[PDB]
Amino acid sequence: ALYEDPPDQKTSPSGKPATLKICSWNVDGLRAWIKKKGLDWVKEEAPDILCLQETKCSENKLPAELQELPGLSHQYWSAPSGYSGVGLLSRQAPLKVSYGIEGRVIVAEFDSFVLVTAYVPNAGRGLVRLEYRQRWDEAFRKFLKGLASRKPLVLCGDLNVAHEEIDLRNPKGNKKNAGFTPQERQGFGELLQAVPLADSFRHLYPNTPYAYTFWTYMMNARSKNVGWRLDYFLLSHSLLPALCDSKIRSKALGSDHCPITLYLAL
DNA sequence: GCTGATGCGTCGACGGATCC
DNA sequence: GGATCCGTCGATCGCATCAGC
């Protein structure tokens, strides 16, 4: 079935207006994404903070369009020492920025919350890297738990797992596939329990099917909405009263993932 | 400098078997 | 004998390096 994301809810459950708009996007090659007008879409979305995954670009090769973003002028980039890579771009300067826990994680502390963006390792075709993914999950959980700040956490990005059967179109046939193994699903559950965190989208839309953020380029999967929900905003419990909406920007092209957008009343 | 071949990381369609 | 379950296989894209001119 096709999916139509509901309209943006910009007011919190207690009636407060959103003050902060965060967008996350696995861009499948930043340079290619820019050529496919991805930055035009970012400008229309006008987030306060933009998190990017799979940049496949070292800082010295960032296209010139990226220094024409006056509303996203504080930019931090991390790559493995033309694969992987993540970026964080922000209207206001963060207080602190750090990298790692490999070019997969950026941590940025703001006035009232800590933002982590991640590009979680893929278990691989034939699960050849599943054990590494499980060891990585465990190290990542411990890292997030051990964050020194008492500030609440927003974790966003491509977490490379569809948590539950409702998070992908073909759950039965994919239970031995990267992104839907019982091992990866379990690690996501432990992340939520251990940190702790809530899945913003699922909190608001607990029974909504066919809501995905990734479609394989093969077999015209996106045209059929045969997809997976791999990209998330996970929030500390204390931020739920501030949660206004968690969006899936299904129509935004340029990658095999679509953007996701969070509105918080802070 | 530029193109194209190749390598690497990144599952839905399909055929067959089992169940009642 | 329709529904379901399971294992197999070809395949999109972006970026790298390499060979050639």
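Numbered from 1 within each chain, the chains take letters A, B, ... in sequence-line order.
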Taking every non-hydrogen atom, the tightest pair across A:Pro94 and A:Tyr76: CD-OH, 3.2 Å
Determine whether the side chains of A:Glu54 and A:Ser84 contain a donor N or O and an acceptor N or O closer than 3.5 Å. no
Can you check whether A:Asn177 has a side-chain N or O nearer than 4.0 Å to OP1 or OP2 of B:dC11? yes
Round to a whole Å and report the spacing from CD of A:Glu54 to P of B:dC8. 17 Å
Is the C:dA11-C:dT12 step stacked (ring centres under 5.5 angstrom, plane angle under 30°)? no
Select base, sugar-phosphate, or nothing to describe what A:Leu230 touches, counting heavy atoms under 4.0 Å on all strands. nothing
Length of the CG-P vector between A:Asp231 and B:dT10, whole Å: 14 Å
Could you verify whether a donor N or O on one side chain and an acceptor N or O on the other, from A:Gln186 and A:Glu190, lie under 3.5 Å apart? yes
Just call it for A:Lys35: base, sugar-phosphate, or nothing, with non-hydrogen atoms closer than 4.0 Å on any strand. nothing
Could you give the CG-to-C1' distance, from A:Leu253 to C:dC13, as a whole number of Å? 14 Å
Sugar-phosphate, base or nothing in reach of A:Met219, heavy atoms under 4.0 Å: sugar-phosphate
CA sep, side-chain torsions, deciding dist, call: A:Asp48, A:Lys21, salt bridge (charged side-chain N to carboxylate O under 4.0 Å, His left out): CA-CA 5 Å; A:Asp48 296 294; A:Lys21 187 171 183 179; over 6 Å; no
Check every strand shown and say whether A:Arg125 touches a base, only sugar-phosphate, or nothing at a heavy-atom separation below 4.0 Å. base
For nucleotides C:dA11 and B:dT6, find the distance between their P atoms and express it as a whole number of Å. 15 Å
Can you tell me if B:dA17 puckers north or south, using the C1'-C2'-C3'-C4' torsion sign? south
So, does A:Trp215 get its side chain near the phosphate of B:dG12, meaning an N or O under 4.0 Å from OP1 or OP2? no
Given that both distances must come in under 3.5 Å, which nucleotide forms a Watson-Crick or G-U wobble pair with C:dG2? B:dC19
Contact class for A:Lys224 vs. all strands (heavy atom < 4.0 Å): base, sugar-phosphate, or nothing? sugar-phosphate
Interatomic distance, CG@A:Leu230 vs CG@A:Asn160, rounded to 0.5 Å, equals 6.0 Å
From CG of A:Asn174 over to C1' of C:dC6, roughly how many Å is that when rounded to an integer? 13 Å
B:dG12 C1' sits how many Å from A:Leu168 CG, rounded? 11 Å
Establish, with yes or no, whether the OP1 or OP2 oxygen of B:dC11 is under 4.0 angstrom from a side-chain nitrogen or oxygen of A:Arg222. no
Working to the nearest 0.5 angstrom, can you tell me the gap between A:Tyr232 OH and A:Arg202 CZ? 8.0 Å
So does A:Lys56 get a side-chain nitrogen or oxygen closer than 4.0 Å to the phosphate oxygens (OP1/OP2) of C:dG14? no
Can a side-chain donor-acceptor contact be found between A:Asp5 and A:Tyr3 if the only test is distance below 3.5 angstrom? yes
Quick one: A:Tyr132 OH to B:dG9 P, roughly how many Å, whole number? 14 Å
Nearest-Å distance for atom pair CZ/P, residues A:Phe180 and B:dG12: 12 Å
Under 4.0 angstrom between A:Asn170 side-chain N/O and B:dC11 OP1 or OP2: no
A:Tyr217 side chain, from C-beta outward: closest of C:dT12, B:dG12, C:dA16: C:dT12
Any strand, both distances under 3.5 Å, Watson-Crick or G-U wobble: B:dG12 pairs with C:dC9
Quickly work out the A:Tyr212 OH to B:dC11 P distance and round it to whole Å. 15 Å
For the side chain of A:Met218, starting at C-beta, report the closest nucleotide among B:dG12, C:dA11, C:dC5. C:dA11
With a cut-off of less than 4.0 Å, is there a side-chain N or O of A:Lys176 near OP1 or OP2 of B:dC11? no
Between C:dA16, B:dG12, B:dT10, spot the one nearest the side chain of A:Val226, thanks. B:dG12
